[PDB]
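Visitor: Would you mind keeping the following structure in view while I ask a few things?
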Amino acid sequence: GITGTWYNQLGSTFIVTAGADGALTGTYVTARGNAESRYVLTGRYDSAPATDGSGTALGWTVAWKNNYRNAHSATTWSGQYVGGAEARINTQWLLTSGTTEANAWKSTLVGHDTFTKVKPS
Amino acid sequence: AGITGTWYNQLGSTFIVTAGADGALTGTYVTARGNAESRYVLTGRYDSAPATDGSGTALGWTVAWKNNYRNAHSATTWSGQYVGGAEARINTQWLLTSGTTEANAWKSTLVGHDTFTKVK
Amino acid sequence: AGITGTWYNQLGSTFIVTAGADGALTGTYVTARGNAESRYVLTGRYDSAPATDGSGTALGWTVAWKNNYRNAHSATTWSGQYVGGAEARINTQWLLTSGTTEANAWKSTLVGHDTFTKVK
Amino acid sequence: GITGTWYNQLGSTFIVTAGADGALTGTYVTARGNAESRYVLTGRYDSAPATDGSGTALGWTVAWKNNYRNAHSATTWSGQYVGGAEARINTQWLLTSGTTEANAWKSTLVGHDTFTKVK
Amino acid sequence: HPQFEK
Amino acid sequence: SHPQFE
Amino acid sequence: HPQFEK
Amino acid sequence: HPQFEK
């Protein structure tokens with residue numbers, strides 16, 4: 001149920017394919033939605049989750065460089081997919097920016113995204 | 001790029017990564033036990049054109065804790081920066097998420113930090 | 001204050017706080033059970049001169065999970081901001097740390113988020 | 001044990017008192033060390049820890065306003081005290097800055113500090 | 001854990 | 001202005 | 001957990 | 001930021 005198009009609360013789009021071998025591949029499109037706003041993602045997921053009604057663990061990375069721009073940073077999302085009625089992916093993320101040594105303390109931000117199959121407004 | 005090769009953390013884990021020209025990271029993560037049962041695939045991304053002002057190279061990667069021998073029904077992501085030079089390092093913060101039922105979701109996610117170097 | 005009073009999360013817990021003019025937060029955090037054994041002391045700090053341009057008010061607080069009735073050998077800190085208005089809320093990220101041995105420190109710290117509102 | 005003067009890797013000073021009631025009170029002094037760089041802290045700790053070798057959980061908050069300056073932010077540290085020879089307090093921290101709603105998503109930095117009794 | 005108990 | 005939040 | 005095993 | 005001033 002992972003494969004498909006997901007949207008987070010800010011309107012970004014996560015286009016993902018879940019491979020039989022545990023691979024996640026796809027495209028992350030920021031809310032602006034144009035050609036300059038598409039970035040490659042790669043990740044991994046639990047391809048044989050527990051049958052006790054637990055979620056499916058997964059993670060992925062985007063480095064914020066494409067042919068139009070480079071933000072010298074990367075964001076990882078760690079979370080789980082929860083299937084059923086209104087499926088969702090619940091995640092927490094870390095965004096680290098390349099910095100000098102003296103600036104390593106503003107290098108990493110933390111936050112949380114919820115992805116659903118429905119786009120919000 | 002300076003990243004390709006083998007890296008070690010202080011707990012005794014190893015990761016062997018290749019940095020691709022296009023920004024890809026692919027490799028193997030090996031736990032401190034070191035055997036075949038302790039090897040897991042990793043994939044990630046890195047900034048293939050970092051700033052030249054002395055800033056680090058941003059990167060991140062994921063391991064899902066399942067191989068052909070065991071499944072811990074979890075995944076870790078490392079988010080960090082490579083720092084080059086004679087004493088190169090990768091400085092990271094990580095998030096380990098376990099699959100849980102909805103009621104147990106509060107205990108789903110651990111946070112920590114790791115530093116990898118080129119020597120053991 | 002806009003902050004002094006009672007705040008509720010979606011899981012059933014209640015935070016009763018007084019915001020002192022000097023930047024102190026003091027009060028009681030009550031878990032879902034609502035019992036005398038479910039009340040715990042909290043203390044914290046907040047910016048007592050925030051910007052007046054619509055920006056939130058930074059704040060944080062700590063609960064150690066020991067009362068006269070039980071002890072979970074842990075402490076949570078919440079870090080976040082108060083956003084006022086008709087739909088006032090306190091948005092936080094929290095870190096829960098349990099006491100562990102040196103060996104088991106890796107599982108010492110859970111990370112999560114909570115939103116508190118003035119109405120349940 | 002906890003009560004004392006502590007230093008992080010960067011040169012800041014953590015001056016704390018651990019009361020019988022579980023309270024932490026004190027002052028956080030940034031690396032500069034002048035009067036403008038002292039801030040009030042308050043926190044909580046487990047006053048009856050396990051005797052199995054486990055650390056003592058604790059946390060505290062600094063709001064980054066004193067009588068001289070205001071950085072419209074607060075930092076919380078969450079961690080544990082590990083006593084004995086070479087006592088340490090190992091922590092993870094979250095720094096949240098007051099922002100507008102449009103900028104919330106970048107409001108909080110995370111990082112880690114280790115405090116020792118030797119500077 | 002008390003934080004999450006029902 | 002980071003792309004993730006634009 | 002594997003990530004921290006010995 | 002004060003927390004990291006040198």
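Chain identifiers are assigned as A, B, and so on, following the order in which chains appear in the structure tokens; residues are numbered from 1 within each chain, and ligands are numbered from 1 in order of appearance.
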Residues within 10 Å of residue 1 (chain E), please, as a list in words. Count only C-alpha atoms; anything in the same chain fewer than 5 positions from it doesn't count.
Guide: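 Counting only the stated atoms, we get residues 106 and 107 of chain B; 31, 65, 72 and 74 of chain C; 6 of chain E.
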Visitor: Which residues of chain A come within 10 Å of chain D, and for each one, what is the closest pair of atoms and their distance in Å to one decimal, counting only C-alpha atoms, sorted by chain and residue number, as CSV?
Guide:
```
residue,atom,partner,partner_atom,distance
A:10,CA,D:105,CA,9.7
A:94,CA,D:110,CA,8.7
A:95,CA,D:109,CA,9.5
A:96,CA,D:109,CA,9.9
A:104,CA,D:111,CA,9.4
A:105,CA,D:111,CA,7.0
A:106,CA,D:109,CA,6.5
A:107,CA,D:109,CA,7.9
A:108,CA,D:109,CA,5.8
A:109,CA,D:109,CA,4.4
A:110,CA,D:108,CA,6.0
A:111,CA,D:105,CA,6.7
A:112,CA,D:105,CA,8.5
A:113,CA,D:105,CA,9.6
```
Visitor: Considering only C-alpha atoms, tabulate each residue of chain A that lies at most 7 Å from chain F along with its nearest interatomic pair and the corresponding distance in Å to one decimal; arrange the rows by chain and ascending residue number and present them as JSON lines.
Guide:
```
{"residue": "A:30", "atom": "CA", "partner": "F:4", "partner_atom": "CA", "distance": 6.0}
{"residue": "A:31", "atom": "CA", "partner": "F:6", "partner_atom": "CA", "distance": 6.3}
{"residue": "A:32", "atom": "CA", "partner": "F:6", "partner_atom": "CA", "distance": 6.6}
```
Visitor: Just need the residues of chain A within 7 Å of chain B, counting only C-alpha atoms, so spit them out as JSON, numbers by chain.
Guide: {"A": [42, 43, 44, 45, 46, 49, 53, 54, 55, 56, 57, 58, 59, 60, 61, 62, 63, 65, 72, 73, 74, 75, 76, 78, 79, 80, 94, 95, 96, 97, 98, 99, 100]}
Visitor: Give me, as a VMD selection string, the residues of chain D touching chain H, with the criterion being at most 9 Å (counting only C-alpha atoms).
Guide: chain D and resid 10 to 12 29 to 32 37 64 71 75
Visitor: Next, dump the selected residues to file, keeping only N, CA, C and O atoms, as a PDB file, in the first residue's frame.
Guide:
```
ATOM      1  N   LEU D  10      31.666  23.248  24.802  1.00  0.00           N
ATOM      2  CA  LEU D  10      31.872  24.519  24.163  1.00  0.00           C
ATOM      3  C   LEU D  10      32.273  25.623  25.110  1.00  0.00           C
ATOM      4  O   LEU D  10      32.507  26.739  24.653  1.00  0.00           O
ATOM      5  N   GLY D  11      32.372  25.393  26.408  1.00  0.00           N
ATOM      6  CA  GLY D  11      32.712  26.526  27.242  1.00  0.00           C
ATOM      7  C   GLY D  11      31.577  27.170  28.036  1.00  0.00           C
ATOM      8  O   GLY D  11      31.748  28.120  28.804  1.00  0.00           O
ATOM      9  N   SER D  12      30.380  26.625  27.910  1.00  0.00           N
ATOM     10  CA  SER D  12      29.342  27.138  28.791  1.00  0.00           C
ATOM     11  C   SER D  12      29.396  26.500  30.164  1.00  0.00           C
ATOM     12  O   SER D  12      29.910  25.403  30.370  1.00  0.00           O
ATOM     13  N   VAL D  29      25.469  29.985  32.085  1.00  0.00           N
ATOM     14  CA  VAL D  29      26.405  31.041  31.670  1.00  0.00           C
ATOM     15  C   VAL D  29      26.994  30.660  30.352  1.00  0.00           C
ATOM     16  O   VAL D  29      27.688  29.619  30.230  1.00  0.00           O
ATOM     17  N   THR D  30      26.788  31.494  29.323  1.00  0.00           N
ATOM     18  CA  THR D  30      27.295  31.146  27.996  1.00  0.00           C
ATOM     19  C   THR D  30      28.820  31.323  28.013  1.00  0.00           C
ATOM     20  O   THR D  30      29.312  31.825  29.006  1.00  0.00           O
ATOM     21  N   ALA D  31      29.457  30.965  26.919  1.00  0.00           N
ATOM     22  CA  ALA D  31      30.926  30.981  26.761  1.00  0.00           C
ATOM     23  C   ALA D  31      31.504  32.355  26.977  1.00  0.00           C
ATOM     24  O   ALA D  31      32.633  32.389  27.504  1.00  0.00           O
ATOM     25  N   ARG D  32      30.801  33.427  26.614  1.00  0.00           N
ATOM     26  CA  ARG D  32      31.402  34.734  26.951  1.00  0.00           C
ATOM     27  C   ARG D  32      31.783  34.935  28.428  1.00  0.00           C
ATOM     28  O   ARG D  32      32.894  35.413  28.782  1.00  0.00           O
ATOM     29  N   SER D  37      25.507  37.448  30.095  1.00  0.00           N
ATOM     30  CA  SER D  37      25.448  36.120  29.539  1.00  0.00           C
ATOM     31  C   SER D  37      24.948  35.062  30.529  1.00  0.00           C
ATOM     32  O   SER D  37      25.200  33.867  30.347  1.00  0.00           O
ATOM     33  N   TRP D  64      15.901  32.394  26.737  1.00  0.00           N
ATOM     34  CA  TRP D  64      17.066  33.229  26.339  1.00  0.00           C
ATOM     35  C   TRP D  64      16.788  34.710  26.409  1.00  0.00           C
ATOM     36  O   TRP D  64      17.087  35.449  25.478  1.00  0.00           O
ATOM     37  N   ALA D  71      16.646  36.777  23.017  1.00  0.00           N
ATOM     38  CA  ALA D  71      16.762  36.071  21.774  1.00  0.00           C
ATOM     39  C   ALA D  71      15.476  35.321  21.383  1.00  0.00           C
ATOM     40  O   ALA D  71      15.527  34.602  20.382  1.00  0.00           O
ATOM     41  N   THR D  75      15.488  26.874  25.201  1.00  0.00           N
ATOM     42  CA  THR D  75      16.102  25.539  24.939  1.00  0.00           C
ATOM     43  C   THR D  75      15.760  24.624  26.139  1.00  0.00           C
ATOM     44  O   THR D  75      15.835  24.972  27.346  1.00  0.00           O
TER      45      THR D  75
END
```
Visitor: Rounded to one decimal in Å, what is the spacing between CA of residue 19 (chain D) and CA of residue 4 (chain C)?
Guide: 25.3 Å
